[PDB]
Every structure is written in structure tokens, then in C-alpha cells.
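Proteins come first, then strands; the chains are lettered A, B, ... in the order of their sequence lines, and each starts at number 1. Hydrogens, waters and symmetry mates are skipped; everything else that's a heavy atom, side chains included, is used.
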Amino acid sequence: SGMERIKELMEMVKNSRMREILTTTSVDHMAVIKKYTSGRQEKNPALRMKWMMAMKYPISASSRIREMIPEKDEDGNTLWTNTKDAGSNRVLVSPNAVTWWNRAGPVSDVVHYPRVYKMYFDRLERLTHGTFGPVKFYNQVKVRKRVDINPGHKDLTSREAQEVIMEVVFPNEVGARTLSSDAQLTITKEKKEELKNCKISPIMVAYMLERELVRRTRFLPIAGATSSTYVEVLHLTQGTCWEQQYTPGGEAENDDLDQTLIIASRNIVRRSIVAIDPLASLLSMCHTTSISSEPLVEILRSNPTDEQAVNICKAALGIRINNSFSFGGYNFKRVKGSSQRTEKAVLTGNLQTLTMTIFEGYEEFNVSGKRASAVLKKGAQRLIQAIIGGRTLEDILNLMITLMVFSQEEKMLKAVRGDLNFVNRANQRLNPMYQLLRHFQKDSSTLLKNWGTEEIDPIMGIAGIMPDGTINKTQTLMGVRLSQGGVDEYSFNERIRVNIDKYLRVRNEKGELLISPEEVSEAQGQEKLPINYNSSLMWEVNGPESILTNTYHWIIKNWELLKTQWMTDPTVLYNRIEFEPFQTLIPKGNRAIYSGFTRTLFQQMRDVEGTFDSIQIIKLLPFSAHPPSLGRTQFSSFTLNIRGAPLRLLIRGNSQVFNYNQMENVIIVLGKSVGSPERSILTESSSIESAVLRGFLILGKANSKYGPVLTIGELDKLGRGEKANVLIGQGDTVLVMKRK
Amino acid sequence: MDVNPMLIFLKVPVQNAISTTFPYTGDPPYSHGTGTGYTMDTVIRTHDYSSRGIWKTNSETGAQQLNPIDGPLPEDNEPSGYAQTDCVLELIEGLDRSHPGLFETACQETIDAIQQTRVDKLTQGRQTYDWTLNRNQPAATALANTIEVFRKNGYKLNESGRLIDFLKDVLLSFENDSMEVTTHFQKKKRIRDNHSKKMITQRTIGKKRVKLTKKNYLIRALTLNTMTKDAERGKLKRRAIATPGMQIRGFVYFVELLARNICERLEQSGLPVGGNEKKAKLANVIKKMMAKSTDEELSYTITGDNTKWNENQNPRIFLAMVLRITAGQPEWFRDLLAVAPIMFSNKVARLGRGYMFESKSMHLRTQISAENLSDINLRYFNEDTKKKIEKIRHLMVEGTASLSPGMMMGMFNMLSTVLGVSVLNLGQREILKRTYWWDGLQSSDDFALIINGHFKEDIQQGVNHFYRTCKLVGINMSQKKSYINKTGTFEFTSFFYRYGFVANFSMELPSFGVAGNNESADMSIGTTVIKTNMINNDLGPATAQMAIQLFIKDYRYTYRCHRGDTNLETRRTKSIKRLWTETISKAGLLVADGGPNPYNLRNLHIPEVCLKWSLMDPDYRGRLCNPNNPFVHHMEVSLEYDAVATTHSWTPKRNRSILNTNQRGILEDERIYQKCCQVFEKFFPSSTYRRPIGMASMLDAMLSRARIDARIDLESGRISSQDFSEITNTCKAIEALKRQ
Amino acid sequence: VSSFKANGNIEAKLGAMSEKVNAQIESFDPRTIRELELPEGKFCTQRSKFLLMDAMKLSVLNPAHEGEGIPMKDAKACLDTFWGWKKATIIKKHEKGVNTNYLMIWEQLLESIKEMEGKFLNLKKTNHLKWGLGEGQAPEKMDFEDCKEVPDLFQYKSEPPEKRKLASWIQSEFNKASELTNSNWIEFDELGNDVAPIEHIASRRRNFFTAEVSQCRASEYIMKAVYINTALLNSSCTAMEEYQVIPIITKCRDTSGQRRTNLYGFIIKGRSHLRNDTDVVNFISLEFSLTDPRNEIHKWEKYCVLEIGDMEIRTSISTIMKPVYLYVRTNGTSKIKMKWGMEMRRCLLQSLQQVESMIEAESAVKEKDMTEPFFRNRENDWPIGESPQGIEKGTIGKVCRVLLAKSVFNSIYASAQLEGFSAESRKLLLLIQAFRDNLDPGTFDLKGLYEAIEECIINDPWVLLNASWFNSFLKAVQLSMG
RNA sequence: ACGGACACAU
RNA sequence: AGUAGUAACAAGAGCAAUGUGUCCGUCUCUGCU
Ligand SMILES: [Mg+2]
Ligand SMILES: [Mg+2]
């Protein structure tokens, strides 16, 4: 009842050394004296186990084995022996005693293993009922990123889950801190009701709860899906040259499917506009695309996902549009106006150079969901007017932080205090608009006194909010008011009817241009579930790193066919649909200026004989997959958007993107070998070149018998029969003549 | 035909077969005998690279200290220690300018961590030099001896349990004119061995109280014990490592915590990242460096190491760095963080074991210790040791040698990283305004430096500028271990980048094998190591299946658990054969019970009990996972909790004995501490789960808990009033004893 | 420090610093670099713990005797199959030893094998056995407190190793170790059933890998080393005071699937009170051979070779009567050497992970599994050797066996010379690769790199062979650029 | 949280 | 003698740092087909 431990403490206190230790050691010093060890350290346990298992008794167990396991086997083995001491509570045990217990010990009716290790049985249930597709062989472009190896609880973070575990298992030891969430409280009451009358040790209960509730992450090289059920089978699903198609056993997660529907929508939308019919291609790809081995159009008829590119895929089919987008989890529904996106290089509050994406153009908003409402008048970097509503008085105060992050003026971008790294510890680019969100939730005093005040007229139906938390009726902040009733429901939460056209601009029965394809967010996220665009319009796995390698891999094996199309009737070659998903990597204003340069380079390779570089026709060819312009400008590199970072591709020589390797006789793209082009080096390696400059011929290396040096942009005022020395790029000079 | 493996490098690139250059299947080189020669070598070299500095005698320790700081600038390419304090301050000022708010954020995190760090953080270490014993001890043992000696001498600030009060006691103990410590002495006695009939020496260790002087205590408090690093790959000759005592370790902890907070937020630091995160960071650095370049630019990468990194660093430079990083901070914090460079500027190095001397007439050998080597006549050494002893004699004090320059191996890794990052940070193109600029990444001494320039001579001028700035701050680039090539391939700490990081599987080969804990733990480790190398180190699927088979073969040998139908015979073949014959479902027996191997590629992440659970016999499952398992430890709630683990989770017996050495007198205290910590956990259940905090003694905590537990049990009706009165009177008897 | 402002101090000290502090880039051209300078002296001698290509087995096919599987019972069963014994004579002396002691050791061992009972044969401690096992050779360890009176206390010597010249025997050993035998040496344990298609692909590739890798001679050396180091560790820990006899056993399966137990000779353990990890236990190795040591005498420097018998040898035409020699030496091993010898089967990983990676690299390019093209289409497409006709190209299974033999010989001849040489010559290999990529390599001290390489080439025959291999690869690379 | 193993740098 | 290699073992006290990352866990015998 608790009498035995106080009698034992009396017995120990009657010893003098024990009493001095128990009276002089504090609870903090007990952590030090608990790990006190005065013997020699045991090293090398592998070697020690190798030779200790040759002995008869390598195992030390408690003395109760003398009552549970006999001293003699049926075969005559000795199972345990008493130690060299006399009153030791410890015996030396043979592994034959372990085998005796496993074959002839007491059978128990109560086993605890499927409950304590329920996580691993969940894993085995996911594997056993899983399905295997084929194996495809291609160059896997893995990217090292942080993923979840244990998903944890959705309502908890790791520290909140550890505090829930302490409140459940050891409730009288939690100390000063309380549980600061209602989710913590519901999980705590549920786990306390679940774990009543448990004869398991509390530490094993705590570790079982940590396997259930605590989210663990690791940096792993992932090629495909990144949800926690595709990460446990990462050794099975991917390798260096192969992909095993695997669907785990069981029902998928909802928030995982909601995310990967958006990523698959944006790929099909961005692929479609560089087709000659952007609607007929989007319908051809939506009906064949599958997510976690489930078709797309059956997901697009039951999902409440409110996103811009999802709405193109539904308005093409016929599913009704719930027109809104989501920042922070709230429905940010537009009303009126129109904008367009184009990024820029702006400065932030912590003196860091940031590449933000700001929506330039007027947009009227009705932002409302589940706790409040807001009618945000807003244009270009200007929170003009927001009559914000609510239900409780405090829930308006947190949503006040929500709208003022989305505003992005020249006030909130320079009213940031603290340390807000938009990169991570691996120099990985975090998206900026959600980093100001999680920062201003608790640091809000810089967003209330830098925002200032604006004068208003005493009209009824309007309240106010001050910087210092005062509800007011004379003054308030700039562009933010407070209403009472707000805007009612069943107009944001109605899925309205719309119609689509050939170029995917989505307009309703009145004619509101609700979605244009130019308003699609051109980001490449990594999906939680795999996506099989089983179509002849895409490649095997999408991704900007994969579109680069697979396009050049296809030109290299089809080079015997494509070189003949290049030699005669070349405009049939440029119009290939294999070349079309490569154009999603080029920015929009750069497409016609690159094909006009490239085809002008390609025509000078034809009118000048002997200047046939098959390694440079390959490199420039998927930049001609567009109707050209007549803009006679000079380029030394072509930029390519991959994960936000514009990779350059040099017209002359290797790069980090297109590297030809003379040693292996191969073209290396992004570190992936994409095959030997033709192996025609002896016909190649010429002197005169024609596909580097526009209207100019490189004539060998540098020579100063013609005058000074120029650069690539300063060749505009030249004449006939005039040669020069030009910095061509990558630290070298060539003799260059503007021809006839 | 003579067979040459290296000719495979004709066809395969060297990075794609780099695993054939690591001979990591044989044993690594170990050191035999003493480490005194490598200690003397490093003392001689540290004073050789600084020899043109100033010599002074310390007023407190009496040692000869060499000051190379602001010394004469070097005139050749030898390793130099003449770091210029103004250039170090300029580089740290430039690091603060390029990162505004970095030093203040890192100092604030260190200030918050100083106030909440306990003394027992210092028990996180491995083998620590114990100044009370003049010997290495484990870290918790060394801290307990230091706290015991301090509180015996009247330094009771560390009774609060915070680390900073222990550090105040460390600084206050230097004023003590006579320290009184407890030392381990021995008592020898000539007995006759009973099993070989040879007269041996019985060593019996006891405790003894001695009186240290003030200078002897100060020399011991600045003493770094030294030894040779064993099992080091890649080197022909051995080097020495050092361990500091307990008076240095808390200050070194706080300084390295500040420098870790700085290094986390630097994009050019390779610490504290590692693994996939470090490779992601290096690939991001390569891509950003090619992003911050125009097309008329060469780019070259140095694969760099530094010559004698730890010997050419300086604690006075670290003092200037720490004071400039913490500029504008509280002066207690600047004085606390300055203690570790001041203590490393005045350190001595204990020389080691000494040397083994041999007598050919008497046919004997004796170990002459490091403290007796100053009295040995010089004719008794060999030639290299004679030269070492003669040029170290003016540094020798109390068995140690004075070592004022140099830090030691690994003492300040992050602070040295910050210095290298400051030199890397100098090369931004807006700072330099040259025709060149550089960038890169820097670990402890390894760097990858990317120099961009318009011509190859600008690359040379940039390399010269980087090299000479590094020479100004004491950093010496290794000219024989470094090289330069164009950007696209490099090496960083045995990571090989050939347009992307290749796999180096040989590096992981010492982890494939039987680990030696017990049967279940080794099975888990073996499958997990195979799976982790499938994911990260590109272990192919056929080689992973072969690895599973090789692990199961070595496992079945090691625990003598071959299959139940085998023809082999061991000590446990008969009982495993009985268990095999009596079992209906043989496919559910564990491999440690003669069962079949269940593992293939797909189920490598599932433990063996979970994998076989639906195939076990209910008798075998009830015996194997019996909750009355006599091989594991049972926690008392007599009555104990149920077990969860199987019978294969036994513990192997230990052997902490030393040959001919009785040491019961020094092993009493560990048993008494274990008994006190066992009786504490009867009152505080979560002590083994979370470390309990507290400043009250263990006995007061136990009596308070017993009183409130008896009162809550009497309120809840779970005990009677007589039991409550008996518990309260037992507590009053314990308090009557505790008063005396 | 708190009031410091920079005023161009770095540029002032860079103006003041001498111009002899510079990092001048020397352009690297492998066509103009020199070969590594191999040392001179006497030839390198054999130093493996057992005989590799000269060893002889006495075998029993399908052993069914009593107590089968016990090592001394199998050793008696294998000695029963040889009746051509005679009186042993020293035909090649160990020049630093007492060779009559080795003769008496062999006669004592054979006499005690003839009349042993039990499972473990422990030889009596006679004077020749105490000599050959180094008993009494240590000076008596004393404390210095009772040793100050001793007036001739001289420090232990720390001489460097003496340089040896590369001989041709270690290349012959490496050529023999890359060859297929007529037996399976590695018995791989069972696997779970294949459910995934990738497991079918992996099993199909693993069957090719096992068919090439298990009949190799290096796999026999793996199993020999694993058995020897295992039995030596178990004997060294359980029989610390006995002079135990450990037979050198292996167990193979032939091309017909029949079991076979092979005996290579015996090992007599000394006393093993191993406290450090580098503490040496001494043993005597006595190994059967059909190789006359008087041809390559310098290889057998540490051995006393006896002639103990005659054997009918059936050649391709008819039958001769060859002498049977017994190679006897003292050798020694530590616990870490035994530990790393018991795990030589991970050499099988280091080979195969390389070969599979090559198979996988082509599989990323051809977009299909190229396992059966690599093993069935018998193309010669990897340089693995240098004949007098030039560079010889082998199949991928030959590459399997050559890389396997390289890992096995790294494990057998593991030294600090090897560790230093590999880490230092890796830089020169990467520089040659950077030249062949047209990445314009450059050095800062190439002469210092060469002196860092060549100080690691002292006397180990494997290191001298690897340095000669690097010289041959450099000549091949310079000829490919001719 | 603590411990063990392995890798790398010093 | 031998192992070995800058100093040792060849019995008679067994000397394992710092930093980072990854992985696992929670107290008289020798036989690998
Ligand atoms: Mg270095
Ligand atoms: Mg280094």
C-alpha cells in the first residue's frame, strides 16, 4: 500500500553511508551519481559476443530462474549455475535455458506484443495487403529532402505530444506546465481511458505512445511520393535505375490526397497550354491520370479542394466550381477584379534579399471560413479596406494577423523583427508567404504600430480595433474595421456552374473570368502520393528534373530518325509533341525569343557545309518547340526554371545542365548519363562553327591581327568582310566574322 | 596475362568506381604501447610553427608560454601560427556585416541556454581526465569526484544544480591555497598463483587523502591528458588526441554552443549538418555559385585541406573572436564565454604513459611514467626520443609540457569553422570589387572553394588572395593534399561529387555484421543496416539479398541457432531439434530458435516477431512472449509489471575484472549509489523516463512524496487510518534519524 | 575589441606580406608526370597466415565417420586418406630459427594425432614447442619503484621497417586468386519468397552473381580465413594455457553437389592471455604443399620447409610421384586481426555492389535490365589485365572475380602502408580523371604528393603490387592519349 | 532522456 | 624466433578525446554442409 517502500527507506537510512548520500545528494546530483561507474569499460561487443557464445554460460539473469527453469535439460545440458559469490541475486545461464523455455515453459494466455508494437503490425498490414505494379528502368532523379518516417498525430506537434505522454503516463510528475490545447486535452482523456488497468510497465506505455503520437523526420533522397506510408517502403520502391510501382495496403490519407490532387492538377494545366488544343489535351490527360492507383475524375467528383488549377480540370469535365483559394486553411474567396503574377526582387524586414511573388492587379475579396468573415478591398501591394467580421471577440484578433500577411505592402515587409530565415539548414528554399504567417502569430506588435491609423466617419454597423487591443468608436487601424453580422453563408459554400473554352479560361453564365491559365501557380511541389499520367503527352514521372533528362534521352536514341528530319523539312521536326513538355521549363516571355535564335542558328549549320555539330543540335533542339520571333538578339545561355532556380544552358560548351563527356563518350544531363549520341567524333571536331552566334562565324581561336576585343552584346554595328575578337563566354576569345 | 584491377579505371570513371579505392575490409592500424612520442611530436611542432613569437613565464603556473599572435608575417609556404589580430577582427566584422542580426540571435539563444543548463550535462562526455586521480575516468565519475572535492573544500554554489554555479565554483577554487583530494593508491603483495605456480603481485586499490598545493592544483586544472587515436583509416602514421578535465569542459560547452548557434545559420558552414543534409547543402552551393555567375566567367573548384589545423589555431585569436561575436552583450556573458580561450591559452599537456624500458642483463622491462622522464639520464633513450626530450625540456612542468599555442585536436571545431567561413565570406564580389570572387563551404578544416573569374590568371590571383588571407589568420592550406580543377567535380570529406554525389559503399562496410547485444537486437540491427544502405548508400537489390543471406549466416553461427533440420551439431542443437519436431508451424519460429529466415527485400523494415506472428503456434507464442519472462528485468509496481519483450532479449554477462587487481574498496561506492538510486525510483516512477529536476535532497523528496501519497491514498479510501498513521510515523522516525 | 572598426587592415598586411607566400597552380598533365618510385632492397616475402596458391588439401568426399563435423575427427579422417608418409627432412631452412626444433615439432604433432582421445588435442609443453611458440621471450615486467637500481635500463627501439623490392610471386598469387575452381565454397543461406517483381529481378541477378562468385579461388581463401580465425579465437579464449592443435578445415560442394571436407594443415596455438586488442598470440602453422620452395626461395624467408611424403599425382597424360612438403613457420595474430578475419565474407559485398552498380548504370541508359545481356552475351568489354599483346578485356564475371580477389587481398594483407597508399594515390587517380574530363586540373605541390605516396611503400608485397599497378595504369592512360 | 554501434573531420 | 612498426606484444594493472551525422535499444566450453 506504500508501507513497504517507507520501511525500506527506514532500513537504508539506518546505514550511515547511505544516510549521508541520501541527505547530501540532491535530485539534480542524482543524475550524476546514477551514472557513476568505477570499473574498466567494456569495449568491442561484437568480438566479445563472438567468443562469449563459445562459453557455456554467457547470460546473466536473475535468481528467480532457479525456481522457473530446471538445472538439467532432457538431453542433459546444464541450464544455469550459481555464481562465485554466495548471496548474489544473479545466476549464469546457458542459451539452452532460453530454448527450454521456448519449447517447454509456461504457455501464457496474455501476450502484450500486438498492443505495444502496434505500429509495426500496422506496417506489416500495409505491406501484406499492398499491390505491386511493374518495374520500370530509367534514370532516377532523387532529391534529398526532409520527410516523415513517423507521421505522428495530426493534432499534435512533437513537443505537445511529449507533454500529452507525460500527462497520460505520469500525471503527478508533470511539474509546473499545463496542457495548452484542446486537442491535447481530448487526446489525453482518450488515452487515459484507453490505458486503464494496464499491467504493462509505464515506460513501455510511454514508448508505445511515442510510437503513436510523435512525428519524426529525416533527410532522405526521394524520387517519388513523400507521405509516411511511401517512405517506410523506400528501400523497396526506388533504386538508382529502377522504380517499383507499389500501392500500400489500406485507405489513403485525406490531407495527403488533397495535396497531391493540386500538384497533379497544376502539371496537367501547365502541360496543356503548350499544346495546339489546350482543352482536348487536358481532357485526354485527366481521364487517364491516376493517384495512388485511383482515377483522377472519380476523385474530382468528391473532393472539396478549392484550388485554381483543380478548378480548370473540373470546369473542363463538368464538376461545379467552389471558387476560392486557401491561405492558412481559410477560404480566401475572390469577388471581383483581375490580376496576374510576376515575381520580383524585393527586400525584407530582417535585411535579407527575397524573391517574392506578389499579385499585381485589383482583386475584390470575400474571405471567410468557420470562425469569421472579411471583405478585403485590395489592389497591388495595398490593403485598402477590410470590413472583418467574427463570432467571438478574440477570434477576430488572430484573423487580423491572417489578412495582414496576405497584404504584402511596403509596410509589413519592413515591420518584421527577429530571425526569419526563408531557407532551411540545407540551403533549401522555404516558401516566403507561409513564413511570415507562422511568425506574426505571436509577434504582432510590429504589425499594429507600424500600420498606423486612418480617419473614418461615424457610420453605424462599424466597430474598430486599436493597436493596444482596444475596441474603439473614434479611430482604428488603416484598412481594417470591425462588423457585427458580416456576410451570411451558402454563397461561398455553393458550387456554381461554369463553362470552359478551347484555351481553358473559365467563365460563368454571366461572363466573369473566374480562372485564366495565366493565374496558375507555377510551383513544383513534391507529392505525398504518386501520380501516373498514363498518357502519350507526358513522361513517366513528372518533375522539372525529369522533363530535362527524359527529353534529351529521347533525342539521343531517336537521333538516327531526328537527324534526317533536321536535314530536310526541318519545321516538321520542331513541331513535335515530345518537345512540348520541355517548354514548361522555359519562362513564357522567353519562348519565342529562344526558338527564333535557335532556328537561326540551325539554318547557318545548313548553308555552311562541314560545320555539323551533332552535339550542339541535340542541346538546342527542345528550345525550338515554339513559333519563333524575329528578334535578332544575342544569347550566351538559356535559362531553365527548375525548383525556382533558373539554370543556365550555354550555347557553346558544357554546363551543369548539358555536359558532354569525351572520356565516357556520353552526354551527362544533371549528373545523369543520358546515352551516347552517335559516336561520330572523327567526322566531328571541326574548325568553323555556325550555331553559336547569330549571323557570325567563329573562326578558330583568338588572334590579335585584327584589332581590339568586343563582347557578345556589342556586335550590332559591324559590316561586311570584317572579322573581330569577341569574348564568347566561359573565359575565352575567338576570331569572329560577320558573314555575307 | 597479369591481372590489373586499376585498368577498370580506363573505362569506368574513377568516382563511379571509387569504392575500389577504399581497402575497408581489413583491420585498421592500431597503436601499440605509448602515446608519449606523438604528444611530444605535437608539442614540438606547435612550438616550431610559432617559434618567432614572444616567450614569457606565466605568473600563476610558472610555465613557458609562446605568443605568436601579431608576430612577423610569414616569408614562405611553411605552416605558420602568426595570426594577425586586426585581420581576424576585420573578418569577423565582415561576417557580422553580411549577416545582420546573426551574432545577436546566436548570443540570445546561448544566454537562454546558459540559464537552463544543469551540471549533469557534463556527464554527456566520454573518458575524461580526472584531476583528483591523475588518470582518465568516465565523465560522470569525473564530475562526481570534482563535485565531491569541491564541496569538501567549501565550494557549494554547484548545489543549486545549474552549470553556471559549478563554473563559478571552478573559478573560485583557483584561490584555494591547499586543495585536499582523495587519491587511489595501491598496496602490492607477492603471492603465488594457484593455477600456474608463479609468484605474482597482488594489487589492492584503496583510497587516500592528499593535499595539493595551489600551483599543482592549477596545473592539474589546466591539464589535457593525451593518448593515441586508434583505428584511424587513411593514414600511415598515428597522431595523438587529448581529453580535457572537468574544469575546462563546461566553459568549452558554452563556447561551442554559441559557435553551433552561429554555424547553424551560415550558408557556408558544413557544421552541424551531415549525411544527406550536408550533400544537399553542397549541391545547393554548387548550383547557387553557377547561378551567381555570368556566362563570360571561368569557374574552378579547390578540393582543399589544411596543414596541421589544430596546431596552428590559437586560443588568443579565439579570445578575440569570442569577444567580437559577443559585442554589445551583457558583460557576465562576455566574461563567461571568454574563460575557455583563456584556459586554453594556459594549458599543459600530460605526456602520457611514459616509455617502456628494457634491461638485457636483468631481463626485465619497466614502464617509466611521464612524470619520471625528466630524471632519466639522456643516454638511456633512443635517438628520436633523445632529440624529442632535449628540445622539450624547457616546457616540461610536473609531468606535463606547457602548450600555449595550438588548440588541440577537436576542441573548438565550430569556432574554427566560423573562422574559415569568415575567410570564405571575404570573397563576395561586392566586398572585393576585383576581377575575381569566391564562395564555398567549410567544415572543421576541409573546404571546397569555388573561385570565379574572367580569365585563368584572375583565377590565379583569386587563389593567391584567398591563400594569403588564410595565412594572415593562421590557416595554412595544404599544397600537397589540395588541387584545383574546373567546377563539376570535387571531394568534400570523402563525399565525391561528379556532377552530383556518387555513392561510396565501402565506407559503410564495417557496419555489416552481428552487433553483439542479444539475439533480437542484433536481428533488428542487421536488417536495418541493410535497409539504410539500400536507401542512402546505393546498395543494389541483388547485393542486398546477398547481404541478408550473409547476415543470417553470421548470425546463425554467432548465436549457434542453425535451422532445426540441420546436420550440424552445437551445444544447443538438441533442444532446437526438440523445438523443431514438436512444432506444427515451423515457418513461425524465430531464427534464434532454429526457424527459417523470413526476410527478403520487401519486409526489411518489419521486426522478426511481428513478421512471424501470424505463423506462430499459440504455445510457442505464449512461451516466447510470456509476461513472466525470466530473462528481462521486471519493474516492481511482491508484484512486478508484465514483460513485453521476448526471451531472446537477455543480457550477456560482464567482466570488469583487472588482472591481479582487487578493487572492492573502490567498487563499494558504485553499489551504494545504485541502491540509493533504486530506492528513489520507488517514490518517483518517471525518473528512468525523464531526468528529475530538483534542489532538495533525495531523502526530503522521498519523504515529501511518501507523506502526500499516504494522504491522497487516505482521501481516496485506498488505505486505512492505521496505515496512514504508520506511514507518517515511519516518516517521523526517518526525520529523527536525518536530524542527526 | 569592442571598439574596433576595420580600416583596410587585411589589404595593408597583404601589401606588407612577401610574394614568396603564394599558391602557384602547376598545370597537371598525366602525359608528363612520372611513375611512382618503388623501393629497393631484398625481395618481398610471403606473410599471409596460411598458404594461398601453394596449399594442398587432403579431402574426404561425403564424410560419414563418427563425430563428423568435429575438427580433429575430420582431420583424422583426412589424414587417413594419405599413406605416402616418410621420415621428414629439412629441405629448406629458416635462417633465423632453429630448424631441428621445427622437425621435432612436426614429429611430436604427428605422434600425438596418432593417439589422441577426446575432441581437443593439447600438445605437451616440450622445449622445441616452447621455442617455436615463443614461451619465455618477454622480459619480466616490473614496476619502476623496484627498478631504479637497475643501471642498464634502455628504452625500447622504434626502428622503421626495412624497404623491400617487389617480386613476381604476388602478381602470380593475384592471378591465381581470380580464377574459377571446381567447387562451391560459399553456401548462401535461404531467403524468403519473392513477391515483388523487383525481388524476381534481384534473384535473377543474384543467381548470376553466385554462379560467378562462389567458385572463385578468393572465395576459398575467404572460407579458409573465416574458419582459421574463428577456431583461433575460440581456442584463444577457452584454452588460454594450452598448446592447442587447430586443423585447417574447409568444406565445399563440388559440381555434382557432393559434400567434401578439406584439410590444409595444422596450427599450434601458444598461450593466449590477450588483454590489449593488439596483444599477439603466437602460433605455429604447418601447411601441406606440392610446391618446391627452392625455386622462389626469397618468398619463403620465414619458413622451414620439410619434405614429409610422396604422392601419386595423375596428370593429363599419366601418373607421376611428386614430393609432399610441409611449410612450417611461426606466425602471430591479435584479437582485432582475428575479428576482421572472421568477417572476410563482407568482401563479397564490396565486389558485388560495384558490379551491380555498373549493371545498374547501363540499365538506366538502355531503360531495361541489362543483367542477362551482361552475363549471357559473352562480350569482352572491361580492361582487367595487361598481356604482352597489350590490354586484355574481360567479361563482367571476370570483373566480379578480380574485384573480389582485390577485396580479399586487401583483407589478408591489411597494413598501415595500404591505408596510407590508398588514401594518397586516390588524389592522383582523381587528378588523372579530372584531366580526362577536360576539367583542366592543377596542383600546388605535386612533388609533395608523390613524396606522400612513396613513403607508404615500404615492404608490404600487396602495397608494392598496387603501386606497380598504378604505374601500369598510368602508362596505359598515357598510351591512350598518344 | 539515456546508452551502444558505425562513419567522417580535428 | 615470431608478430609487428616510430612501440609494443612475446602473460602477470587491460589507459578509447572532441565535434557532427546516421542507425538500434531501454537493466571447461571451441562443430558456419
Ligand atoms: Mg588537415
Ligand atoms: Mg581535413
Salt-bridge present (C:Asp460, C:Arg47; N to O < 4.0 Å): yes
5′-ward residue of the pair B:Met411/C:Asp143 relative to RNA chain E: C:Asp143
Side-chain touch C:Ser285/C:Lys49, heavy atoms, less than 4.5 angstrom: no
Candidates D:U10, E:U20, D:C8 - which lies nearest the side chain of B:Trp309: D:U10
A:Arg90 side-chain N/O to E:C27 phosphate OP1/OP2 under 4.0 Å: no
Salt bridge (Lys or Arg N to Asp or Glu O under 4.0 Å) partners for B:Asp230, two or more places apart: none
Length of the CG-P vector between B:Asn533 and E:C23, whole Å: 11 Å
Letter per nucleotide, 5' to 3', of nucleotides 2-7 of chain D [B base touched, S only sugar-phosphate touched, - untouched; heavy atoms, 4.0 Å]: SSSSSS
Partners passing side chain to side chain contact (heavy atoms under 4.5 Å, CB included) against C:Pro161 (at least two apart in sequence or in another chain): C:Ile458, C:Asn459
Set of side chain to side chain contact (heavy atoms under 4.5 Å, CB included) partners for C:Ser158, sequence neighbours left out: B:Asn382
Under the side chain to side chain contact (heavy atoms under 4.5 Å, CB included) test, residues paired with C:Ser235 that sit two or more places apart: C:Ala239, C:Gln244, C:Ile246, C:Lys269
Touch class at under 4.0 angstrom, heavy-atom based, for B:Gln186 against every strand present: base
Partner set under salt bridge (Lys or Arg N to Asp or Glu O under 4.0 Å) for C:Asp277, not counting sequence neighbours: none
Shortest side-chain distance from B:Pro272, nucleotide among E:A17, E:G14, E:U20: E:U20
Salt bridge (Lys or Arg N to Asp or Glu O under 4.0 Å) partners of B:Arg556, counting only residues at least two apart: C:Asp189, C:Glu190
Distance test, side-chain N/O of B:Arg260 to OP1/OP2 of E:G21, below 4.0 Å: yes
With sequence neighbours excluded, residues passing salt bridge (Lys or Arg N to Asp or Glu O under 4.0 Å) with A:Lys50: B:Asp554
Gap between atoms CG and P, on A:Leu220 and E:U22 respectively (whole Å): 10 Å
Touch class at under 4.0 angstrom, heavy-atom based, for B:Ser657 against every strand present: base
Touch class at under 4.0 angstrom, heavy-atom based, for B:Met414 against every strand present: sugar-phosphate
Short side-chain N/O contact to E:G12 OP1/OP2 from B:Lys198, under 4.0 Å: yes
Sugar-phosphate, base or nothing in reach of C:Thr278, heavy atoms under 4.0 Å: nothing
Set of side chain to side chain contact (heavy atoms under 4.5 Å, CB included) partners for A:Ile149, sequence neighbours left out: A:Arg216, A:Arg218, A:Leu220, A:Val231
E:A13 to E:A8 separation - P atoms, rounded to the nearest Å: 16 Å
Check: C:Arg271/B:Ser196 side-chain N/O donor and acceptor closer than 3.5 Å: no
Protein-to-nucleotide contact annotation, 5' to 3' order, nucleotides 1-6 of chain E [B base; S sugar-phosphate only; - none; under 4.0 Å, heavy atom]: BBBSBB
Nucleotides 31-33 of chain E: which of its N/O atoms have a protein N/O under 3.5 Å away?
| unit_1 | atom_1 | unit_2 | atom_2 | d |
| --- | --- | --- | --- | --- |
| E:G31 | OP1 | B:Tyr557 | OH | 2.5 |
| E:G31 | OP1 | C:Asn234 | ND2 | 3.4 |
| E:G31 | OP2 | B:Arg560 | NH1 | 3.0 |
| E:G31 | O4' | C:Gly69 | O | 3.1 |
| E:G31 | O2' | B:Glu569 | O | 3.1 |
| E:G31 | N9 | B:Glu569 | O | 3.1 |
| E:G31 | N7 | B:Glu569 | O | 3.4 |
| E:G31 | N2 | C:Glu68 | O | 2.5 |
| E:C32 | OP1 | C:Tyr227 | OH | 3.3 |
| E:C32 | OP1 | C:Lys251 | NZ | 3.0 |
| E:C32 | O2' | C:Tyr227 | OH | 3.4 |
| E:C32 | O2 | C:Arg345 | NH1 | 3.4 |
| E:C32 | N3 | C:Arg345 | NH2 | 3.1 |
| E:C32 | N4 | C:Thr230 | OG1 | 3.0 |
| E:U33 | OP1 | B:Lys553 | NZ | 3.2 |
| E:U33 | OP2 | B:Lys553 | NZ | 3.4 |
| E:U33 | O2' | C:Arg253 | NH1 | 3.2 |
| E:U33 | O2 | C:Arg253 | NH1 | 2.9 |
| E:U33 | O4 | B:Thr566 | OG1 | 3.1 |
| E:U33 | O4 | B:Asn567 | N | 3.3 |

side-chain contact (heavy atoms from CB on, under 4.5 Å) between B:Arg560 and B:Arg571, worked out: CA-CA 8 Å; B:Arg560 280 125 239 275; B:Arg571 212 83 245 184; 6.0 Å; no
Dot-bracket line, read 5' to 3' along RNA chain E, where crossing pairs take [ ] and | marks a partner on another strand, Watson-Crick or G-U under 3.5 Å: .((....)).......||||||||||.......
Conformer about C1'-N of E:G5 - syn within 90° of 0, anti elsewhere: syn
E:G19 base / B:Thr417 side chain donor-acceptor hit below 3.5 Å: no
Phosphate OP1/OP2 of E:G12 contacted by C:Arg271 side-chain N/O (<4.0 Å): no
Side-chain donor/acceptor contact of C:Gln244 with base of E:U30 under 3.5 Å: yes
